[PDB]
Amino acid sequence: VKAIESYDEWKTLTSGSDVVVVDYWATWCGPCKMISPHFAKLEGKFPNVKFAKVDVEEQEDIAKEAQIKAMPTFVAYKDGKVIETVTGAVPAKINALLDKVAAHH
């Protein structure tokens, strides 16, 4: 799962035609560490979807633009557009998001 390390990297990735799913997380987050391995398992299951993560405490400019309301939030992108947002760390919700994104890809 790619740790996104700059605003420019983030903009390049989310602007792509290939579908990307980003896990917005932080050290202040409760369940982020517990759900992260499941996200990594999904990355193995769905090799034609791009998986990425953003540490909002380290990436202020990304965080300001993403403007998340829940910690964590998973956001899917395609062609510079947010195509779906999933809040929280519920495995089934994240699995359902990937099913639908992977079909799109």
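Don't overthink the numbering: it's just position in the shown sequence, from 1.
Student: Considering every modelled residue of the chain and its Cα B-factor in the PDB entry, is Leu42 in the lowest, middle or highest third?
Tutor: Tercile = lowest for this residue's CA B-factor.
Student: Can you tell me whether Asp55 has a C-alpha B-factor in the lowest, middle or highest third compared with the other modelled residues of the same chain?
Tutor: Answer is lowest: the recorded C-alpha B-factor places it there.
Student: How does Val1 rank on Cα B-factor within its chain, lowest, middle or highest third?
Tutor: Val1: CA B-factor falls in the middle third of its chain.
Student: State the tercile, meaning the lowest, middle or highest third, of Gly30 with respect to the CA B-factors recorded for its chain.
Tutor: Top third by C-alpha B-factor.
Student: Is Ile83 in the lowest, middle or highest third of its chain when residues are ranked by C-alpha B-factor?
Tutor: For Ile83, whose C-alpha B-factor we compare with every modelled residue in the chain, the answer is the middle third.
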